[PDB]
Protein chains: 2
Amino acid sequence: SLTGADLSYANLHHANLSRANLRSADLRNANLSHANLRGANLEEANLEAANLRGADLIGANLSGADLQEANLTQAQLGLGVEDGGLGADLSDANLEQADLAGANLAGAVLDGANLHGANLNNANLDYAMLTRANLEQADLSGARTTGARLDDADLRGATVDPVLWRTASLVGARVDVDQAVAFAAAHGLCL
Amino acid sequence: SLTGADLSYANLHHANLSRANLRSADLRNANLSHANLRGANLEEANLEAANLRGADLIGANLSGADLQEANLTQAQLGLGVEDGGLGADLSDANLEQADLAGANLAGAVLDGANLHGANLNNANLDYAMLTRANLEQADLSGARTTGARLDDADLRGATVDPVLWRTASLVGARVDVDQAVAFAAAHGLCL
């Protein structure tokens with residue numbers, strides 16, 4: 001049984017953890033680089049400062065996990081190639097100051113997630129559900145937002161490309177005055 | 001011949017001027033209240049401070065006319081009932097501080113018009129072409145903007161309902177920061 005396992009600081013890089021039951025596992029500071037976590041259950045796992053760079057998280061359940069300051073650079077969480085693999089479930093996950101640079105989140109569920117100060121630089125957010133998420137001071141530079149749902153998200157202080165304002169659904173989304181102005185310009189108004 | 005006529009301060013209220021050739025006429029301070037100007041040619045007429053309240057201007061040519069401080073309250077300039085009457089042509093017309101309250105401008109051509117400080121309160125602007133118009137400090141409260149083209153218009157300092165931001169085409173339209181913020185909120189963003 002890997003549920004509730006104490007895996008803190010574990011050397012798991014490139015491990016085959018496919019379909020593993022890791023619910024409530026302590027993975028703090030674990031090295032999961034390029035681990036196969038496909039279809040794995042990570043619900044409520046402690047992933048704080050874990051290294052997930054290049055990990056395969058496709059179809060994984062991260063619901064309620066704490067990923068604060070975890071490294072997800074170029075991790076695969078979303079609609080890929082290979083199988084008909086679904087987006088990861090990150091509902092209510094804690095991603096604060098997580099590094100998601102270049103991560104594939106296409107089709108992933110981030111409803112209620114905390115992305116405050118997170119790095120989303122060049123992330124694929126296509127058809128990602130970011131509803132009720134906190135994106136405050138996050139970096140969305142270069143992110144792909146086609147079909148992305150940001151409804152009731154909090155974007156204040158985030159770095160955002162003009163194309164986000166034209167692509168993501170923003171209904172109820174909280175923005176600051178500069179962003180509101182940027183949103184206008186992105187729809188073609190001149191200031 | 002009524003072209004270039006000196007009609008300044010004339011008592012023309014309820015006159016039948018239908019299809020009249022008034023090109024370059026001096027109508028300054030004329031009383032045209034409820035005049036029938038249907039299909040009339042007013043190109044380059046001087047209408048300064050003229051009273052056009054309730055006038056029928058349907059299918060009229062006002063191109064290049066000076067209407068500054070003229071009273072157009074509830075005038076009919078646009079798609080009506082009765083015939084298949086077209087919107088008036090107000091291309092390059094000078095409407096500065098004109099009173100258009102309750103005027104029907106539906107389908108009218110205002111391209112390049114100067115509406116600076118004009119009163120458009122409750123005006124029907126449905127499918128009106130306001131392209132390249134100056135709307136600075138104009139009052140658009142209660143105005144109907146369905147299908148209205150405000151492309152490359154200048155709206156700065158105008159009073160504008162939220163519904164305008166969702167209805168008029170605004171491409172290239174100049175706005176101030178408050179309006180830009182209002183435009184965002186009108187599309188459902190929270191501030």
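Counting neighbours? That spans all protein chains shown, and the Cβs are built from the backbone with ideal geometry, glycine included. What follows is calculated from the coordinates using simple rules that are stated; it is not laboratory data.
Take the eigenvalues of the Cα gyration tensor for the protein assembly as shown, scale each by 5, and report the square roots as semi-axes in whole Å, largest first.
65, 16, 14
From zero outward in steps of 5 Å, how is the percent of C-alpha pairs of chain B spread across the bins?
2, 9, 17, 24, 18, 13, 8, 5, 3, 1, 0, 0, 0
Apply the Karplus curve 6.51 cos²θ - 1.76 cosθ + 1.60, θ = phi - 60°, to the phi angles in region B:119-135 and return the couplings in whole Hz, x for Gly and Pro.
9, 9, 3, 6, 6, 8, 9, 3, 6, 7, 9, 9, 3, 6, 7, 9, 9
For region A:179-191, in order, what is each residue's ³J(HN,Hα) by Karplus, 6.51 cos²θ - 1.76 cosθ + 1.60 with θ = phi - 60°, in whole Hz (x at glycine and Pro)?
Coupling constants for region A:179-191: 5, 4, 5, 4, 4, 4, 4, 5, 8, x, 7, 9, 10 Hz.
Work out the charge dipole of chain B with +1 on the Cβ of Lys and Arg and -1 on the Cβ of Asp and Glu about the Cα centre, then indicate which of B:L191, B:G157, B:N21 is farthest towards its positive end.
About the Cα centre, the residue reaching furthest to the positive side is B:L191.
Under a Cβ-only charge scheme (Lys and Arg +1, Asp and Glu -1), can you give me the dipole magnitude of the protein assembly as shown about the Cα centre, in debye to the nearest 20?
560
So what's the back-of-envelope 222 nm ellipticity for chain B, counting only DSSP H runs of four-plus at -39500 (n - 2.57) apiece and dividing by all residues, rounded to 500? Each step should come with its number before you reach the end.
Numbers: 2 runs with 16 residues, N = 191.
The helix-only estimate for chain B comes to -2000 deg cm²/dmol at 222 nm.
Once amide H atoms are placed 1.01 Å from N in the peptide plane, what residues at a sequence separation of 5 or more from A:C190, or on another chain, have their amide H within under 5 Å of its amide H?
B:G172, B:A173, B:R174, B:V175
What ranking do B:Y127, A:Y9 get, fewest neighbouring Cβ atoms within 10 angstrom at the top? Walk me through the numbers before you get to the answer.
Details: B:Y127 18, A:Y9 13.
So the ranking, lowest neighbour count to highest, is A:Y9, B:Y127.
With only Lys, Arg, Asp and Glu charged, each at its Cβ (+1 for the first two, -1 for the last two), find how big the charge dipole of region B:1-110 is about the Cα centre; round to the nearest 20 debye.
On the way: 5 positive and 14 negative charges, 62 e Å.
With only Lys, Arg, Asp and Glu charged at Cβ, the dipole is about 300 debye.
Note down the nm distance, to one decimal, between modelled labels 7 Å out along Cα→Cβ at A:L2 and at A:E82.
1.4
Could you work out, residue by residue across B:31-42, how many beta carbons of other chains sit within 10 Å of that residue's beta carbon, and then give the average as an integer?
Mean number of neighbouring Cβ atoms from other chains: 0.
For region A:25-41, in order, what is each residue's ³J(HN,Hα) by Karplus, 6.51 cos²θ - 1.76 cosθ + 1.60 with θ = phi - 60°, in whole Hz (x at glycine and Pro)?
For region A:25-41, the Karplus-derived couplings read 5, 8, 10, 3, 6, 6, 9, 9, 3, 6, 5, 8, 10, 3, x, 6, 9 Hz, x marking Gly and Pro.
Using the count of nearby Cβ atoms within 10 Å as a rough guide to exposure, how do B:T146, B:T159, A:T145 rank from fewest to most?
Details: B:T146 14, B:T159 17, A:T145 25.
Ascending number of Cβ neighbours within 10 Å: B:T146, B:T159, A:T145.
Dipole magnitude of chain A about its Cα centre, charges +1 at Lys/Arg Cβ and -1 at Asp/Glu Cβ only, in debye to the nearest 20?
Roughly 360 debye, rounded to the nearest 20.
If you add up the charges near A:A70, with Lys and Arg at +1 and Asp and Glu at -1, over every other residue whose beta carbon is less than 11 angstrom from its beta carbon, what do you get?
Combined, the nearby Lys, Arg, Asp and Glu give -3.
Give me the inter-chain shielding for A:176-183: mean count of other chain Cβ atoms within 10 Å, whole number please.
Values: counts 2, 6, 2, 4, 11, 9, 2, 7.
Counting Cβ atoms of other protein chains within 10 Å of each residue's Cβ and averaging gives 5.
Relative to the compact globular guide of 2.2 N^0.38 Å, what is the alpha carbon radius of gyration of region A:31-119, as a ratio? Working shown, then result.
Working: Rg = 11.1 Å, N = 89, 2.2 N^0.38 = 12.1 Å.
My calculation over the Cα atoms of region A:31-119 gives 0.92.
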